[PDB]
Structures are given as structure tokens and as C-alpha cells.
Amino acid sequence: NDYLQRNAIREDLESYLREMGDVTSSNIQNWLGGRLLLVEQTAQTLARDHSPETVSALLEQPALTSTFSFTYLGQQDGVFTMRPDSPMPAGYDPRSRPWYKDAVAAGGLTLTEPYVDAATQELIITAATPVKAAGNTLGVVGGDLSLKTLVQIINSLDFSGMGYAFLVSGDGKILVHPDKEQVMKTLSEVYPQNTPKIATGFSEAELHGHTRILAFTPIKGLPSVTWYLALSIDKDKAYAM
């Protein structure tokens, strides 16, 4: 019987994908986690002492400048301090920015979706958290992360040459993708005819003329967001083995 045989193949493929999805999800979980912890450690220090001299020196420390493109403090009175330094656009107010509002609404450390950077006019992701002293919020600390860097991490693996990984929100918004044109599109825009369901274990869909298999894995330990790790696999290549 070819039905039983196809059934045996598919079940094996789905077990492999589950394994790859789990461990890739852990990786990005751990990597994002360290960044979050670092921003948190930085805010808890500023909480105790946020004099101008201290703020400057703290933000210039190598553990920060080598991890984030920019690290910064926006204060509740609107005063902004960043390292390394940058030309400043007229009218800037850190309290109006997505990283600031997101941290405040979260009541603690969180991550933004991509938003348009103030200087590069390109997409950026920020790890951010409020500065908490005596139950009060003195401002928000943020550390900037490049989309390209997140891509590289979730695509360490091949995956045996079958496909690639991307990040997508529970709402269906593509956050990070090896193909730049797909970023911040929705799953419905990319797949209008038969849209992959995030809840559903394994979905088939058609992309650039080829049948693909998609599978979604929750990413744990991201406060106040719901992000999935997605695997997108070439069906014909996978089954061929």
C-alpha cells in the first residue's frame, strides 16, 4: 500500500520538524533572554542612581556597546540620553516612541515588533523595560537589535537543505524573514488562497510556484508578546528524503 507508506514518511518528517522547531525555538528564546536580562540589569542600576555622569558612563560600558547598536534612557520628563551618540532629528520625544509605550504598558521588560528607526529610517527591534524606583516609573531603558541578526540565529541550521526559519506573531504578522520583502507582511498577504493556520500542527501552502510545509512553535519566556518560530520547508525535497 502506498497510503501506509506515504503515512510512514509524513509521520517521520513531522517528527523531525517538531524536533527542529523545539530546539530552534529554545535558541532564540535563550538569545533574546540574555538581551532582556542585560537591559533589565541596566535599568535596575539606573534606578538607584541616574545622575548625568553616571548615566553617560553606564551606557558607554563595553558589555552594552558591543551587544546593542544603541542603548539609551528616555526619562519621564522627556530627556533622552544615548550611546554611541547620533545626530538628532528635530522634534524628538522618547515618550512618543514604540519602545517607551510598550515597556510602560507591559509594566516590565518586553520586546517591540519592528518599527521605523529615528535615524536610519529602517526597521529595528528594541528590548525595553521601565526604570522602577519606590513603586514609581522614572523612565524606560532600551537596547536596539538588528533584524538581520535575529535571522542568522534562527537559521544556523540547514535544515538538511529542506528549508528555512522565520518569526511570526500570534496575530500572523511576519516579524523577521530571510527574504526582506516578506517582512511585516501578514500570512494572509503572502498566502491569500490557502492561509497556513498557526494553531494547526502542519499546513501545506504554495509559494513562488512550489508546495511548502509550514509549522509553528511557541517561543517561551518573552514577556507581553506572543511570538512563534516558523519553519518553511520544501515539500517535494523533504519527501524525496
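Counting begins at 1, following the sequence as shown.
Higher-B stretch (mean Cα B-factor, as the entry records it), 185-193 or 35-43: So the stretch with the higher mean C-alpha B-factor is 185-193.
Given 66-74 and 50-58, the range whose Cα B-factors average higher in the PDB entry: So the stretch with the higher mean C-alpha B-factor is 50-58.
Highest-ranked of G161, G143, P87, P130 once sorted by CA temperature factor in the record: The record points to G161.
Record-listed C-alpha B factor of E11: chain third: Tercile = lowest for this residue's CA B-factor.
CA B-factor ranking of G139, expressed as a third of its chain: It falls in the bottom third of the chain.
Position of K173 among the chain's modelled residues by C-alpha B-factor, lowest, middle or highest third: As the PDB entry reports it, the C-alpha B-factor of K173 lands in the lowest third of its chain.
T112 - Cα temperature factor, lowest/middle/highest third of chain: Middle third of the chain for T112's C-alpha B-factor.
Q152 - which third its CA temperature factor falls in, relative to the rest of the chain: For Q152, whose C-alpha B-factor we compare with every modelled residue in the chain, the answer is the middle third.
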